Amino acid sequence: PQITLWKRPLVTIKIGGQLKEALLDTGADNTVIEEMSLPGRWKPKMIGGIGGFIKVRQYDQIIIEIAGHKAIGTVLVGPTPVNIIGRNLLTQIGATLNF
């Protein structure tokens, strides 16, 4: 796909068996999803942005299907106002910014 940026670049993802909407976010180092359960071990992290920091759970080796493309990597879970797909998984689906 080629996604213009007139609107928020939202896509459908599948994570933990669940279908969700998420923002493709080149400004995010890592993927951050709204509170949900995921399997396996986790450890706490703080992530910061405009407005300050939030505490998240870091889960490693999580598979997400993004717009029909499979990716694996770290997923942070916590009180983000929006589900964000960050660069750690955008790279795996071969996403680029072109102009």
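Residues carry their position along the shown sequence, with the first being 1.
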(request) Report the stretch with the higher mean CA temperature factor, choosing between 65-73 and 30-38 on the basis of the entry. (result) 65-73
(request) Please work out which of 76-84 and 17-25 has the higher mean CA B-factor as recorded in the PDB entry. (result) 17-25
(request) Within this chain's modelled residues, let me know which third the CA B factor of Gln2 belongs to: lowest, middle or highest. (result) highest
(message) Quick check for you: using the entry's CA B-factors within this chain, is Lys43 in the lowest, middle or highest third?
(response) highest
